[PDB]
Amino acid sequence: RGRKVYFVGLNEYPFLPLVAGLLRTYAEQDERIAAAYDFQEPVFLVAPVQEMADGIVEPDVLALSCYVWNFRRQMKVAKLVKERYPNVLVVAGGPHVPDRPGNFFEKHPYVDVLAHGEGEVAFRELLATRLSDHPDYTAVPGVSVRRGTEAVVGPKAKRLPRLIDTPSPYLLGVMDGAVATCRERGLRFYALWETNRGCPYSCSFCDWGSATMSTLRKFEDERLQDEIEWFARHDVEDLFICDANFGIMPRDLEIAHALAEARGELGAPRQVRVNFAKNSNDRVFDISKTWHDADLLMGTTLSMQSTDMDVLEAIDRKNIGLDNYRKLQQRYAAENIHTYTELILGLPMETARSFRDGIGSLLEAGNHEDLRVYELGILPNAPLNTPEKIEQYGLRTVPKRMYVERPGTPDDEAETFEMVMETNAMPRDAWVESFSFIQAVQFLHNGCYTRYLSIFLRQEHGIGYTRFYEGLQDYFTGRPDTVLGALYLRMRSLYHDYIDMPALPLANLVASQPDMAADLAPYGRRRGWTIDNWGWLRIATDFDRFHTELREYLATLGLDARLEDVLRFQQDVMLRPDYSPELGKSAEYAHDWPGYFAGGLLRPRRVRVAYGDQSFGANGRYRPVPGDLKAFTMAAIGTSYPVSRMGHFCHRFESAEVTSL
């Protein structure tokens, strides 16, 4: 027995309950807490709200770890649990808890305590104070306490020191049950891991770890090494490191080598996801090379958010120079180390013009493989979320639902994301056009369908990358019956419905549309199809017509045997459903295109190219099977989550044999 403590921190994808384990093991250092409280297995997998609430039996404390993806459902769980147990202490923490609660407890009178920011100290003090004959919640630092419906702000939060020396839930065995649950249910999952806390920078849109603009604090060395071995010994294939700037600290290289050696010795992890440092440096490169050799790498972060000087000044971000970015791209490409760059659509002062020009400048600098875009969200505690900032830049938002809602689910259970869809610099019509533009760049250029053609036209015919993809959108949007035109127009109407119908889900957008879901059904059953997944597969379905219609657009540019030759190469290099790894795939060309796109001089040299790819995707785990459309989809585009941009879309030259004729 004892006072039962329930943790709830759910998400649609399985992530081990790190928060619950951290708070529990830190609090249990108090012998009174360890003796009096009976900590329950954390709830982290999604279930119907009523089922989840029914699973909480005689709770003394209900602890909710609240993010944008679970706030509404966890408030509903608390409401139902509070109804049945009037004396349960409901405490909510996490970055969706507002720093300034205001009228929070009027809207959520079933919540009793709000924890602000890092929660170890406050949670331990809460549980300790609850054991007293006269609990004094108004002395607990870093919390706000409900009195009636008023929020009584407690003393300022206390944080852990520069060297964080706290218990590890992994090493203490309290994460064993969560792994077992995932494995019992056959679920792929991520283990969460922190090596430090904080980001030293100040991007106004961001709320990373509730600790931007902060002095960095490190978890102790020995704990981290023990945890690396724990992950490896428990065959955790997928590791998610939460650091804001991996590579920013000298020891990050030693951590990277330790993970590579763990993979070599124990077979795990196989994939490590992490955000790499903003001010990318030699250490980031050394880490990426180490993980490339061990096949742990999921892509080196070289993110920009925006490239426009006024936008960056408005959001308090300094990027590396465009020429330094180009030099980085060359260095990584020479080692075949995958990089990626993120942009945010709708940032303060960003126009459709600057948005498209920035994208083109990134391709110009050498980013052809991985460009990612996110709709700007107003996070509760980001510096950008003030009435003054929103008014100054004219930010207009809609409460955007995140997921498709099963029929019969009450509307107060739908998670919402405060999404910007219009600014003073970007009207909503231009927002829609800009969103479609970069989606097309993703499935056409990153997706390879026109990447080599575009590079050839840029380097031999002076057709700029922005010009090329702007021309595609202008030309084909006026031609509704072409393959590409149908895609542009479907995206235009989708993204206008996306704004006008806040219920259309951010994370299941394709799946929410019956016609788009029907188009992808032969390729697989997924809730998480992305727009660029859908675009890539739609072209795969009508591949031959796509290329005949592409010729007509090329005529409008003033554009020949060499162009005819590179078009055949651009057609053959794409992965197709009939590809057989046993037989391979070969063709003959008037030029050595593999040598050219690897940096060589373009020469009229007749060559035979024989592609012999055996597998695709992360760790080469997807093997094509001719005629099997499901197997083709996995090899071509991988999983929708995690994002699959390494070893996909097209046949690779490293596996190709080029012989002279």
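Start at 1 and count along the sequence shown; that's the residue number.
Participant: Between residue 559 and residue 560, what class does the number of missing deposited residues fall in: none, 1 to 3, 4 to 9, or 10 or more?
Facilitator: 4 to 9 residues lack coordinates between residue 559 and residue 560.
Participant: Please work out which of 40-48 and 592-600 has the higher mean CA B-factor as recorded in the PDB entry.
Facilitator: On average, C-alpha B-factors are higher across 592-600.
Participant: Which is higher on average in the deposited entry, the C-alpha temperature factors of 204-212 or of 179-187?
Facilitator: Mean CA B-factor is higher for 179-187.
Participant: Have a look at 410, 198, 447, 173 and flag the one whose Cα has the highest B-factor in the entry.
Facilitator: In the PDB entry, the greatest C-alpha B-factor among 410, 198, 447, 173 is found at 410.
Participant: Compare the CA B factors listed in the entry for 583, 337, 192, 344 and report the winner.
Facilitator: So the option with the highest C-alpha B-factor is 583.
Participant: Can you tell me which third, lowest, middle or highest, the CA B-factor of residue 276 falls into for its chain?
Facilitator: CA B-factor rank for residue 276: lowest third.
Participant: Hey, what third does residue 470 fall into on Cα B-factor, ranked over its chain?
Facilitator: For residue 470, the deposited C-alpha B-factor lands in the highest third.
Participant: Among the modelled residues of its chain, does the C-alpha B-factor of residue 257 lie in the lowest, middle or highest third?
Facilitator: Lowest third.
Participant: Using the B-factors in the PDB entry, rank residue 381's C-alpha atom against the chain and give the third, lowest, middle or highest.
Facilitator: Lowest third of the chain for residue 381's C-alpha B-factor.
Participant: Going by the entry, which third of its chain does the Cα temperature factor of residue 648 land in?
Facilitator: For residue 648, the deposited C-alpha B-factor lands in the middle third.
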